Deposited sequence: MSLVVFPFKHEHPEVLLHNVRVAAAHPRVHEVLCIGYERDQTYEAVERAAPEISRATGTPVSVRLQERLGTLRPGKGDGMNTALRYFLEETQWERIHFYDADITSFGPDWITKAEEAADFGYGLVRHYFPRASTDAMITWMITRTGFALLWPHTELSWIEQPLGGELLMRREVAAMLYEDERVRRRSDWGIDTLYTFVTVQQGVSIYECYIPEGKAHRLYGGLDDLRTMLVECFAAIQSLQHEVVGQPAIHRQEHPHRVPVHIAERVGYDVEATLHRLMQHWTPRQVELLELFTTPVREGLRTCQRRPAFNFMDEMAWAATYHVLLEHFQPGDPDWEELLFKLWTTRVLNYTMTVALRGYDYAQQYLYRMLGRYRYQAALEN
């Protein structure tokens, strides 16, 4: 079994700690770290690598990501490079990915995933408890898109379709590595692509619950990620999903108190940013949207406005964006960001303020209404 840690900007100590756990694990035959460039961190892990291999009897390799796709060169190139390495330079039967920066990692993540693979599943995804105001891309972009475009499939039921923590069977990794839609997704869209393509190909999926959760400012920290996750859905929108898929999830535990009691973002800063980086093109682009959204966002030039951006207004908005949004156009990018920000604020003030349980319940029903709306049309 190969374990992969993609990294770029992470501090060395956290990645090295995780490497040491994975290398020590009885079922792990090799650890690979993949980075962007030979920096301080990359050199540190290269230096520390041989002490770790001798101590564990497990080979630890470092490699650079190669340019395999055609978008911004980010996470997708790293993961796809790991797929090639696993397929062409190893004979291991299974590959795990874990983000380099997870601070809650332990032998349990590896064990649970392997045991699920033993059971027969082609793909094992880890999922985690999350704060009511985390996962706003997952919820408002990815799962929403899946519900609205493929309501009869497993896609919108997957818990963490953006999660980078997962295990694949060799054959699943080969299928993804060979798929050109996946190979080209060199940016933040890679996780969406892996998720979508595995489901479309009827790979069987198990979702393991990891109770400790994943420990790793304004909403604008997420803006590139948001743009690329949305572009990934938009790129897939005319695809057909023609076959069922086995999909099961470990029953989740009660959310831990310290996770239920996190705030996901700085509300003040987010309100402020909503009023910034406006341009006449952004103002003119709003003429594509429904009346309450156009007026709501136009208001945002002067003061934060977001009550208008409820569930149905968001679905209406999502449809216009699927049709008109252009990845790489700066005004479209900023507009998406503002529109999503008003959706996040609306949900924060009218749903998340009512409590964790209330929020979870609203989000699941949101998907249910989106699927039903899409299935009736």
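For this chain, the deposited residues without C-alpha positions form the stretches 1, 218-220, 382, given in sequence order.
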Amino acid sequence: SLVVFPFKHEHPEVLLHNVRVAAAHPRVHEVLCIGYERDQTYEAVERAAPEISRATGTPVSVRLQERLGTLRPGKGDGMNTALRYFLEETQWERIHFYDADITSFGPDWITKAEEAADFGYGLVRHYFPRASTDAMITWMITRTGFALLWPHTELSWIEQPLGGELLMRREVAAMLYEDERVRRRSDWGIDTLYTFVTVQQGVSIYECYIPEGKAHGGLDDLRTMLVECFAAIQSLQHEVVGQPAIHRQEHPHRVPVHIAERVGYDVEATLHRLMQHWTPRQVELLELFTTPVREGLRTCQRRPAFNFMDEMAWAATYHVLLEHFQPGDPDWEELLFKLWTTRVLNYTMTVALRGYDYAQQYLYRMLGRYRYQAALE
From here on, numbers count along this sequence of modelled residues.
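The term rigid core refers to the most C-alpha atoms you can superpose between the two forms while keeping them within 1.5 Å.
In terms of root mean square C-alpha deviation after superposing on the rigid core in 4 other deposited structures of this protein, the stretch standing farther out between 243-251 and 158-166 is 243-251. Greater C-alpha displacement in 4 other deposited structures of this protein (rigid core superposition, RMS over structures and residues), of 53-61 versus 36-44: 36-44.
Look at the C-alpha B-factors of 202-210 and of 133-141. On average they run higher in 202-210. Of the two segments examined, 341-349 and 61-69, it is 61-69 that shows the higher average Cα temperature factor in the deposited entry. Across the options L321, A55, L335, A313, the residue with the most elevated CA B-factor in the record is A55. Which of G163, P151, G106, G76 has the largest Cα B-factor in the deposited entry comes down to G106. The PDB entry assigns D266 a C-alpha temperature factor belonging to the lowest third of its chain's modelled residues.
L367 sits in the lowest third of its chain by CA B factor, as recorded in the PDB entry. Annotation for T111: C-alpha temperature factor in the highest third relative to the rest of the modelled chain, per the entry. When all modelled residues of the chain are sorted by CA temperature factor, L274 is found within the middle third. In the PDB entry, a CA B factor belonging to the lowest third of its chain's modelled residues is recorded for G189.
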